[PDB]
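Here you get one chain, nothing else, as structure tokens; it is the form deposited in one PDB entry.
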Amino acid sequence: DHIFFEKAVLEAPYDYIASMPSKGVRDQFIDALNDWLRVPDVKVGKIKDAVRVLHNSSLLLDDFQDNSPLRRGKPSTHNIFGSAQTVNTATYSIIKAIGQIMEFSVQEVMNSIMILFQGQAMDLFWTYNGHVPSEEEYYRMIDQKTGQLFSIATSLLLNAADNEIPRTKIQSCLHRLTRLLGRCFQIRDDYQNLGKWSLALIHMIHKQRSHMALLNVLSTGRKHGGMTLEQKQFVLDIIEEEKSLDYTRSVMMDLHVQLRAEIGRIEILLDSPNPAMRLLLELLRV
């Protein structure tokens, strides 16, 4: 009656970003995963819906301060509803997502979600206090979020997997695959400007030599809550001349080698070749 109006208020900021183009690597991963596990279409639908809400809510919490517009006539959610409403809808949406998950123990599910916020905590902490994460810390952070969200999807699918697949023989390789895939996806994605960092930027800072100019723009942007368009150009130009993108390409090639090995290992564990998964891996390049 009047409660439908209240719900419409509560979910208005969510419905806003939920209409944006997703560029669904995650759903393509779940589809590829299900070519092995063969979970009923009805179930993977709910699992997709669950992790999407989880992913969308992550974005709302991430971009609740963002002022830059999303599309042509679509401002940031913050520029429609303000920070407070955005944050409140986001927190509610996560809890609703967890409630939806509880249909497919309790403490285990809660812990899996909470790891995501452990990851975000480190990312936020480092950003706010001006720490450039080492490559090792960068990876651990990715594992606790982008990799973790991927892991949640994998676990839910394994739980609802067809009765003719051996879950215990496969759970091992499946999560090693998931962790490496999320890392590969995140590294690839952070590369597609040149997240807040990149493998190139991180390596350049920590590897060798003085780039006083670079240290100082980052501090400048940090003081201003981000860098301008010119400053970003400047940082890209430094990275391009130091040949630091070549390091990223080296790591990714090795990452594909590790991942192609994991897939074949699983393809042999089951009697199922997975071109879809190998296809997805091949499209996460350079």
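All residue numbers refer to positions in the sequence shown, first residue = 1. Throughout, rigid core stands for the largest set of C-alpha atoms superposing within 1.5 Å between the two forms.
The discussion below concerns the form deposited in another entry, not included here.
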With both forms fit on the core, has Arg140 moved 2 Å or more by CA between the shown form and the other one?
no
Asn88: Cα shift of 2 Å or greater between the shown form and the other one (core-aligned):
no
Quick one: once the rigid core is lined up, does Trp36 have its C-alpha move by 2 Å or more between the shown form and the other one?
no
With a shift of at least 3 angstroms, figure out whether the C-alpha spacing between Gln148 and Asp66 grows or shrinks in the other form: closer or farther?
closer
